[PDB]
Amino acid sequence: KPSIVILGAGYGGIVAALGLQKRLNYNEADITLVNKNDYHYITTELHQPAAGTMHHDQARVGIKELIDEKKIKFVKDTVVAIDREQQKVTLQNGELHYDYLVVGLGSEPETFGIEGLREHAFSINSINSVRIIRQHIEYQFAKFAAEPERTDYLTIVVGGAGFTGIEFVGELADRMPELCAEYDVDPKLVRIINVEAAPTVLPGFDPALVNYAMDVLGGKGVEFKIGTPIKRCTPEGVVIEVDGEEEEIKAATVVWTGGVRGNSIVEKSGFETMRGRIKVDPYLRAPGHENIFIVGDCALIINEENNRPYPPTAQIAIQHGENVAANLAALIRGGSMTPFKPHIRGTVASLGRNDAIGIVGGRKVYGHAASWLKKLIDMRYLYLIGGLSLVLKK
């Protein structure tokens, strides 16, 4: 019985684990799933509890409830290092050996060495982190009424006007009326500032969709500072660069959505990486390793049509897991593997709870239509991993 070890129970890992579960009979292989939490969180929904527009329990599910304990041994622990030569994974509270390894440790924030950013800014990338953001913001607003001159309490800076940043400021905008009512705050004093180094909001997306997004969010009071890089971050705010001069934004809350990289454990373990990501072979294996598969945000795929990398998405992470599960089963059974080919469908960006933008079926979508479509797409993933029961739960 060969030992398959899966590192990280995210989109890539959970799908891979459940795939192997469905494809393999009992005693065909040992399957160990490692995750630092006993729950799997819906990473694509994390902007909502971060803004307090949805309870965080709506964005996570117990791993034991998803898997078959007789087929998969779940281990709750934190991966520290991978020893490729010994084929051993080092954890905080033990060690594991493998015949096959699946790395799905996800992303970590990339702050590009910008001073104070790692230590004084917040990230939206886990249940813990979004509860921290949520309660941090509520704490600032609670402090304001006693110190009405401290409008920096009411200022939130979101660094990076990409997909995550745009969805987050949308949620923040919807949250503000209730939040201000809770803490006797003049809503006109609230500032939500989206700061982007690139010269365009949502750089790389269709201009028509972008302008609609900016118009809607702009209407809701969101400010955009574009072509404006953050130079440093403090607990008092950020310094930005405007017209070749430094300008300070006093803000008690700074959220970084300006870049991610593959989990550093991968690169530190000696794998050759580009921005922490591994340019895997056609079978999603790490080059030089016939027994190591890489999924999700740790994997790098190049679109051969335009020589551009696919972005780190949940959508492609899911497709990774399905392919790896299929190919691992084949390897266990001495069969031939099937080369991975991504099929990129449409993605919808939420603009608060009642508005959205995106491409679905090949057509531009807006408003309530787009908003419902996003919910349906997200529901499909829940059905994939937890069947109708998980869908009915929430």
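Residue numbers run from 1 along the displayed sequence. Basically, rigid core = biggest C-alpha set you can superpose within 1.5 Å across the two forms.
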Please work out whether 322-330 or 353-361 has the higher root mean square C-alpha deviation in 4 other deposited structures of this protein relative to the shown form, with the rigid core as fitting region? 353-361
Fitting on the core, do the C-alphas of 166-174 or of 301-309 deviate more in 4 other deposited structures of this protein? 301-309
Comparing 330-338 with 359-367, where is the mean C-alpha B-factor higher? 359-367
Mean CA temperature factor from the deposited coordinates, higher in 87-95 or in 231-239? 87-95
Kindly indicate the residue among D174, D184, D152, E290 with the greatest C-alpha B-factor in the PDB record. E290
So among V210, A145, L189, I156, who wins on Cα B-factor in the entry? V210
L117 - which third its CA temperature factor falls in, relative to the rest of the chain: middle
In terms of the CA temperature factor given in the entry, to which third of its chain does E45 belong: lowest, middle or highest? lowest
Ranked C-alpha temperature factor of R261 among modelled chain residues, by third: lowest
Ranking every modelled residue in this chain by its Cα temperature factor as given in the entry, which third contains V15? lowest
Using the B-factor values recorded in the entry, state whether the Cα atom of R285 falls in the lowest, middle or highest third among the modelled residues of its chain. middle
